[PDB]
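Participant: Let me begin by handing over the structure; questions about it come next.
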Amino acid sequence: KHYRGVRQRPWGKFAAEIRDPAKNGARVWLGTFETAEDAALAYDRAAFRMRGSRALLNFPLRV
């Protein structure tokens, strides 16, 4: 699978990052993870805070 924001690694990791255009067009790397599900859940948090409420995440339901 390819979560929208999780970049699986060739070593068995997953970087959870979200795009932040409100920050002068900068990047927001939440942090690497052990699986795409862990980096995906973390992306949801940074995708709900940056988008306030109602946003598009990998898991649109279980926060």
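Scheme for the structure tokens: letters A, B, ... for chains in order shown; per-chain residue numbers from 1; ligand numbers from 1 in order shown.
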Residues within 8 Å of range 8-14 of chain A, please, as a PyMOL selection string. Count only C-alpha atoms; anything in the same chain fewer than 3 positions from it doesn't count.

Facilitator: chain A and resi 2+32-36+38-39

Participant: Can you tell me, as a list in words, what residues are no more than 9 Å from range 3-6 of chain A when counting only C-alpha atoms, ignoring any on the same chain fewer than 4 positions away?

Facilitator: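 Everything that qualifies: residues 14, 15, 16, 17, 18, 19, 32, 36, 37, 39, 40, 43, 56, 57 and 58 of chain A.
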
Participant: Could you please take those selected residues and save N, CA and C atoms as a PDB file, in the first residue's frame?

Facilitator:
```pdb
ATOM      1  N   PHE A  14       9.164   3.734   7.834  1.00  0.00           N
ATOM      2  CA  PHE A  14       8.095   4.497   7.131  1.00  0.00           C
ATOM      3  C   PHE A  14       8.126   5.952   7.603  1.00  0.00           C
ATOM      4  N   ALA A  15       8.383   6.872   6.715  1.00  0.00           N
ATOM      5  CA  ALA A  15       8.438   8.303   7.127  1.00  0.00           C
ATOM      6  C   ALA A  15       7.056   8.942   7.007  1.00  0.00           C
ATOM      7  N   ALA A  16       6.549   9.474   8.085  1.00  0.00           N
ATOM      8  CA  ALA A  16       5.218  10.134   8.036  1.00  0.00           C
ATOM      9  C   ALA A  16       5.429  11.643   7.910  1.00  0.00           C
ATOM     10  N   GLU A  17       5.078  12.208   6.787  1.00  0.00           N
ATOM     11  CA  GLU A  17       5.272  13.672   6.592  1.00  0.00           C
ATOM     12  C   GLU A  17       4.015  14.273   5.961  1.00  0.00           C
ATOM     13  N   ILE A  18       3.739  15.521   6.232  1.00  0.00           N
ATOM     14  CA  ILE A  18       2.529  16.161   5.642  1.00  0.00           C
ATOM     15  C   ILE A  18       2.929  17.469   4.956  1.00  0.00           C
ATOM     16  N   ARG A  19       2.244  17.836   3.907  1.00  0.00           N
ATOM     17  CA  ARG A  19       2.588  19.098   3.193  1.00  0.00           C
ATOM     18  C   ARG A  19       1.997  20.294   3.943  1.00  0.00           C
ATOM     19  N   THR A  32      10.195   9.246  11.345  1.00  0.00           N
ATOM     20  CA  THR A  32      10.186   7.891  10.729  1.00  0.00           C
ATOM     21  C   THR A  32       9.367   6.948  11.611  1.00  0.00           C
ATOM     22  N   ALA A  36       4.162   1.110   7.962  1.00  0.00           N
ATOM     23  CA  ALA A  36       3.392   2.165   7.255  1.00  0.00           C
ATOM     24  C   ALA A  36       2.130   2.478   8.058  1.00  0.00           C
ATOM     25  N   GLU A  37       1.652   1.533   8.823  1.00  0.00           N
ATOM     26  CA  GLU A  37       0.427   1.779   9.635  1.00  0.00           C
ATOM     27  C   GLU A  37       0.766   2.725  10.787  1.00  0.00           C
ATOM     28  N   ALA A  39       3.322   4.984  10.792  1.00  0.00           N
ATOM     29  CA  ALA A  39       3.627   6.313  10.194  1.00  0.00           C
ATOM     30  C   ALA A  39       2.343   6.896   9.601  1.00  0.00           C
ATOM     31  N   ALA A  40       1.402   6.054   9.271  1.00  0.00           N
ATOM     32  CA  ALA A  40       0.123   6.549   8.694  1.00  0.00           C
ATOM     33  C   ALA A  40      -0.735   7.129   9.818  1.00  0.00           C
ATOM     34  N   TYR A  43       0.605  10.423  10.681  1.00  0.00           N
ATOM     35  CA  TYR A  43       0.294  11.426   9.628  1.00  0.00           C
ATOM     36  C   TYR A  43      -1.115  11.972   9.856  1.00  0.00           C
ATOM     37  N   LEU A  56      -8.161  15.022   4.975  1.00  0.00           N
ATOM     38  CA  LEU A  56      -7.978  13.727   4.263  1.00  0.00           C
ATOM     39  C   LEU A  56      -6.769  12.993   4.845  1.00  0.00           C
ATOM     40  N   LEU A  57      -6.989  11.878   5.485  1.00  0.00           N
ATOM     41  CA  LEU A  57      -5.849  11.117   6.071  1.00  0.00           C
ATOM     42  C   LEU A  57      -5.873   9.684   5.546  1.00  0.00           C
ATOM     43  N   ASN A  58      -4.929   8.880   5.956  1.00  0.00           N
ATOM     44  CA  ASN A  58      -4.914   7.462   5.498  1.00  0.00           C
ATOM     45  C   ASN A  58      -6.027   6.722   6.234  1.00  0.00           C
TER      46      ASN A  58
END
```

Participant: Could you write out, as an MDAnalysis selection string, all the residues of chain A that DSSP marks as strand (DSSP E)?

Facilitator: chainID A and resid 6:8 14:20 26:33

Participant: Residues of the last selection are to be written out with N, CA, C and O atoms, as a PDB file, in the first residue's frame.

Facilitator:
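Saved as out-v5.pdb:
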```
ATOM      1  N   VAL A   6       3.119   8.608   3.737  1.00  0.00           N
ATOM      2  CA  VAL A   6       4.076   7.636   4.335  1.00  0.00           C
ATOM      3  C   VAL A   6       5.016   7.114   3.248  1.00  0.00           C
ATOM      4  O   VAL A   6       4.589   6.541   2.265  1.00  0.00           O
ATOM      5  N   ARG A   7       6.294   7.311   3.415  1.00  0.00           N
ATOM      6  CA  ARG A   7       7.261   6.831   2.391  1.00  0.00           C
ATOM      7  C   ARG A   7       7.957   5.567   2.896  1.00  0.00           C
ATOM      8  O   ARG A   7       8.995   5.627   3.524  1.00  0.00           O
ATOM      9  N   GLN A   8       7.396   4.421   2.625  1.00  0.00           N
ATOM     10  CA  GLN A   8       8.033   3.156   3.089  1.00  0.00           C
ATOM     11  C   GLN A   8       9.525   3.197   2.755  1.00  0.00           C
ATOM     12  O   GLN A   8       9.939   3.814   1.793  1.00  0.00           O
ATOM     13  N   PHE A  14       9.164   3.734   7.834  1.00  0.00           N
ATOM     14  CA  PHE A  14       8.095   4.497   7.131  1.00  0.00           C
ATOM     15  C   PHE A  14       8.126   5.952   7.603  1.00  0.00           C
ATOM     16  O   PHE A  14       7.929   6.240   8.766  1.00  0.00           O
ATOM     17  N   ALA A  15       8.383   6.872   6.715  1.00  0.00           N
ATOM     18  CA  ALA A  15       8.438   8.303   7.127  1.00  0.00           C
ATOM     19  C   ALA A  15       7.056   8.942   7.007  1.00  0.00           C
ATOM     20  O   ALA A  15       6.460   8.970   5.946  1.00  0.00           O
ATOM     21  N   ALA A  16       6.549   9.474   8.085  1.00  0.00           N
ATOM     22  CA  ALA A  16       5.218  10.134   8.036  1.00  0.00           C
ATOM     23  C   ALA A  16       5.429  11.643   7.910  1.00  0.00           C
ATOM     24  O   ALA A  16       5.919  12.289   8.816  1.00  0.00           O
ATOM     25  N   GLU A  17       5.078  12.208   6.787  1.00  0.00           N
ATOM     26  CA  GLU A  17       5.272  13.672   6.592  1.00  0.00           C
ATOM     27  C   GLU A  17       4.015  14.273   5.961  1.00  0.00           C
ATOM     28  O   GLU A  17       3.301  13.616   5.231  1.00  0.00           O
ATOM     29  N   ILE A  18       3.739  15.521   6.232  1.00  0.00           N
ATOM     30  CA  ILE A  18       2.529  16.161   5.642  1.00  0.00           C
ATOM     31  C   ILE A  18       2.929  17.469   4.956  1.00  0.00           C
ATOM     32  O   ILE A  18       3.854  18.141   5.368  1.00  0.00           O
ATOM     33  N   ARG A  19       2.244  17.836   3.907  1.00  0.00           N
ATOM     34  CA  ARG A  19       2.588  19.098   3.193  1.00  0.00           C
ATOM     35  C   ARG A  19       1.997  20.294   3.943  1.00  0.00           C
ATOM     36  O   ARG A  19       0.846  20.293   4.327  1.00  0.00           O
ATOM     37  N   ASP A  20       2.779  21.318   4.153  1.00  0.00           N
ATOM     38  CA  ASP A  20       2.264  22.515   4.875  1.00  0.00           C
ATOM     39  C   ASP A  20       2.521  23.768   4.033  1.00  0.00           C
ATOM     40  O   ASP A  20       3.588  24.347   4.097  1.00  0.00           O
ATOM     41  N   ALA A  26       6.483  24.966   3.129  1.00  0.00           N
ATOM     42  CA  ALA A  26       7.588  24.170   3.733  1.00  0.00           C
ATOM     43  C   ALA A  26       7.126  22.722   3.923  1.00  0.00           C
ATOM     44  O   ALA A  26       6.010  22.369   3.598  1.00  0.00           O
ATOM     45  N   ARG A  27       7.977  21.880   4.445  1.00  0.00           N
ATOM     46  CA  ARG A  27       7.583  20.458   4.651  1.00  0.00           C
ATOM     47  C   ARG A  27       7.469  20.171   6.150  1.00  0.00           C
ATOM     48  O   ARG A  27       8.072  20.837   6.968  1.00  0.00           O
ATOM     49  N   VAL A  28       6.703  19.179   6.516  1.00  0.00           N
ATOM     50  CA  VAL A  28       6.551  18.846   7.960  1.00  0.00           C
ATOM     51  C   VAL A  28       6.808  17.349   8.163  1.00  0.00           C
ATOM     52  O   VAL A  28       5.901  16.542   8.125  1.00  0.00           O
ATOM     53  N   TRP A  29       8.041  16.978   8.378  1.00  0.00           N
ATOM     54  CA  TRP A  29       8.366  15.540   8.583  1.00  0.00           C
ATOM     55  C   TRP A  29       8.030  15.139  10.022  1.00  0.00           C
ATOM     56  O   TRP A  29       8.763  15.435  10.945  1.00  0.00           O
ATOM     57  N   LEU A  30       6.925  14.469  10.220  1.00  0.00           N
ATOM     58  CA  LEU A  30       6.545  14.051  11.600  1.00  0.00           C
ATOM     59  C   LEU A  30       7.671  13.214  12.202  1.00  0.00           C
ATOM     60  O   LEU A  30       8.186  13.517  13.259  1.00  0.00           O
ATOM     61  N   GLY A  31       8.059  12.163  11.536  1.00  0.00           N
ATOM     62  CA  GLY A  31       9.155  11.309  12.073  1.00  0.00           C
ATOM     63  C   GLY A  31       9.086   9.925  11.430  1.00  0.00           C
ATOM     64  O   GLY A  31       8.037   9.476  11.013  1.00  0.00           O
ATOM     65  N   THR A  32      10.195   9.246  11.345  1.00  0.00           N
ATOM     66  CA  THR A  32      10.186   7.891  10.729  1.00  0.00           C
ATOM     67  C   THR A  32       9.367   6.948  11.611  1.00  0.00           C
ATOM     68  O   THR A  32       9.046   7.263  12.740  1.00  0.00           O
ATOM     69  N   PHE A  33       9.024   5.796  11.109  1.00  0.00           N
ATOM     70  CA  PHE A  33       8.224   4.840  11.925  1.00  0.00           C
ATOM     71  C   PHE A  33       8.715   3.417  11.666  1.00  0.00           C
ATOM     72  O   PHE A  33       9.655   3.198  10.928  1.00  0.00           O
TER      73      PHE A  33
END
```

Participant: DSSP on the backbone: which residues in chain A end up as helix (DSSP H, G or I)? Give the answer as an NGL selection string.

Facilitator: :A and (36-49)

Participant: Export C-alpha atoms of the chosen residues as a PDB file, in the first residue's frame?

Facilitator:
```pdb
ATOM      1  CA  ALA A  36       3.392   2.165   7.255  1.00  0.00           C
ATOM      2  CA  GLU A  37       0.427   1.779   9.635  1.00  0.00           C
ATOM      3  CA  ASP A  38       2.338   3.513  12.449  1.00  0.00           C
ATOM      4  CA  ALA A  39       3.627   6.313  10.194  1.00  0.00           C
ATOM      5  CA  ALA A  40       0.123   6.549   8.694  1.00  0.00           C
ATOM      6  CA  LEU A  41      -1.587   6.964  12.083  1.00  0.00           C
ATOM      7  CA  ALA A  42       0.930   9.690  12.968  1.00  0.00           C
ATOM      8  CA  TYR A  43       0.294  11.426   9.628  1.00  0.00           C
ATOM      9  CA  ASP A  44      -3.423  11.582  10.483  1.00  0.00           C
ATOM     10  CA  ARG A  45      -2.628  13.574  13.644  1.00  0.00           C
ATOM     11  CA  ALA A  46      -0.531  16.148  11.749  1.00  0.00           C
ATOM     12  CA  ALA A  47      -3.173  16.130   8.989  1.00  0.00           C
ATOM     13  CA  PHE A  48      -6.016  16.858  11.428  1.00  0.00           C
ATOM     14  CA  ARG A  49      -4.174  19.572  13.376  1.00  0.00           C
TER      15      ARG A  49
END
```
